[PDB]
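One chain comes next, on its own, written as structure tokens: the form deposited without indan-2-amine.
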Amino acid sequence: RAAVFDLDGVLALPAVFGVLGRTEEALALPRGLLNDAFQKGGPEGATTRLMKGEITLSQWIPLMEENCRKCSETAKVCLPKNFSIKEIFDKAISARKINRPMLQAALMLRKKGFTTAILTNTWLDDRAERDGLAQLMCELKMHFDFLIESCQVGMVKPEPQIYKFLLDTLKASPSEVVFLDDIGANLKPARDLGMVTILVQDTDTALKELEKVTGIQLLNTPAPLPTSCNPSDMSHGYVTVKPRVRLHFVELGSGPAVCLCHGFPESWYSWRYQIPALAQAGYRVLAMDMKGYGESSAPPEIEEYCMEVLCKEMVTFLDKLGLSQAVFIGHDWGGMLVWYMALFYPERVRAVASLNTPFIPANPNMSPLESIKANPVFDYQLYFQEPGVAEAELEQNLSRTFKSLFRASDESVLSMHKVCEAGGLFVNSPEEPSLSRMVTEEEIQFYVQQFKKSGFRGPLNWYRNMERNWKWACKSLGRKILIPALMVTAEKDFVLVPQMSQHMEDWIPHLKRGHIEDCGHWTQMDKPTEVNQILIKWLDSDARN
């Protein structure tokens, strides 16, 4: 089973074709005058050549004007002064945006096994403002198995040849595929070939028919999760920051550089729901494997993971990439790292944002051990101190380790208080952990394979530089954070609790805030939609400026 969608009038509205109507009604020109000069000559006509890839759009612009002159001459009328055909088409193409509900339908269909494809009559766009069209196509493109464009295949969609091409591309019998189009003429051939068709007038009715014939709930369906990341479809970057320390990252999009720093014990993949969203919002996302994780190097020495060397290496990372600046968004331990980036390298940080992780200034008086002991929820951090112990139980069963950890506010299974002395992190934890509703088995197996490379030594070493970090932090006790800064709290995070951030204003006067209801500690995958809304909104106003 497969599904095929037209672009104009189906996956994109308002249909550009419907500008040759508006324009007439607006200029009070004779009904059809435009849509006639547009199709003048039929197959031999300029527009058909334009659509077959014989000529470019800019080449076509003049041809359409001559027709409009010769079309209004026979109709015995005359177009105004600065009647601009380019002007009309510019705002028409620009006005046309994605049909979100129709895209959802395609998504679900594909999610449930359908081969999806876009088949459109279109042109080679060489306009000065062609990038707008290319941006839309890229966004749509990614969601379909195939994109067949008339100007690329040299065929045009009324012609029966392109339909045989479609099926050949799809590897499917006509009877096996649905075909949606806003133009009836372009429906016949598919119908005649024996495949299901749907004249698309209003979107919801078409989806009714679609849902109707597919036996799949498409309409009124729940709000979907943001687009995720298939690891092997990603651009992977590698930078050596030191004799034998190499950092790995995934990169997507263009615009201001946004560096995403995950926490413990995670990876770049923990940003899977925001990487596409932020790129889409006009940003260049660099999602890190922090030192010790995934494809980044993982040196055994503890001091390799104190905040001073971690931050210095991040600075070197920008250096090697030719970046004077980046916005740093961190979560958990990454959030900690991000606050220190802000305090120690303001020149390098376009803006700082933390998820869950508050900024707590060091206490010059109390040892970082007294202070951490002074919090019952941080009992497992004393457990992490002795090298090898925590590694052993965390590395013993990887799938179990993550299935236990990566859980929602409710479905917890870990006794996080009284951990070390009562045994370990998984004292009375099932050795057969249920699958969280936040994660599929596949996503868990990704973290499993990642951690098979270096294990937990490196990650745990982040916990073993308390006295070093404390000494370093004490240097910044006279400083304030005065660059754009955003703190986001998660209600149900029971160790990185919202209340811990209550005093941050003192140190970060212009601090902007965000908060998420019923969100646990794994913010990115727990509430991806709201997370994306909050960061994208904050970037637009504080990062791009």
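A residue's number is simply how far along the shown sequence it sits, counting from 1. Note that the rigid core is defined as the largest set of C-alphas that superpose within 1.5 Å between two forms.
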query	finding
Farther-lying stretch by C-alpha RMS in 9 other deposited structures of this protein, rigid core as reference, of 419-427 and 123-131	419-427
Core-aligned Cα RMS comparison in 9 other deposited structures of this protein - stretch that moves more, 406-414 or 461-469	406-414
210-218 or 454-462, whichever carries the higher mean Cα B-factor	210-218
Given 285-293 and 357-365, the range whose Cα B-factors average higher in the PDB entry	357-365
Out of 101, 330, 300, 243, residue topping the C-alpha B-factor column of the entry	243
Out of 272, 475, 418, 350, highest CA B-factor residue	418
Residue 31 - which third its CA temperature factor falls in, relative to the rest of the chain	highest
Residue 251 - Cα temperature factor, lowest/middle/highest third of chain	lowest
Ranked against its chain, the third holding the CA B-factor of residue 238	lowest
CA B-factor placement of residue 308, once the chain's modelled residues are sorted into thirds	lowest
Residue 83 CA temperature factor, ranked by third within the chain	highest
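Separately, the form deposited with indan-2-amine bound exists; it is not shown, and the next lines address it.
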{"item": "Proximity to indan-2-amine in the deposited bound form, single hit among 451, 144, 317, 470 (heavy atom within 4.5 Å)", "value": "470"}
{"item": "In the deposited bound form, the residue from 340, 273, 114, 446 that sits within 4.5 Å of indan-2-amine by heavy atoms", "value": "340"}
{"item": "Non-hydrogen atom contact residue 239 with indan-2-amine in the deposited bound form at 4.5 angstroms", "value": "no"}
{"item": "Exercise: residue 336 in contact with indan-2-amine in the deposited bound form, heavy atom 4.5 Å", "value": "yes"}
{"item": "is_contact(residue 137, indan-2-amine) in the deposited bound form, heavy atom dist at most 4.5 Å", "value": "no"}
{"item": "Heavy atom of residue 307 within 4.5 Å of indan-2-amine in the deposited bound form", "value": "yes"}
{"item": "Partner-proximal stretch of 129-137, 284-292, 67-75, 328-336 relative to indan-2-amine in the deposited bound form, 4.5 angstroms, heavy atom", "value": "328-336"}
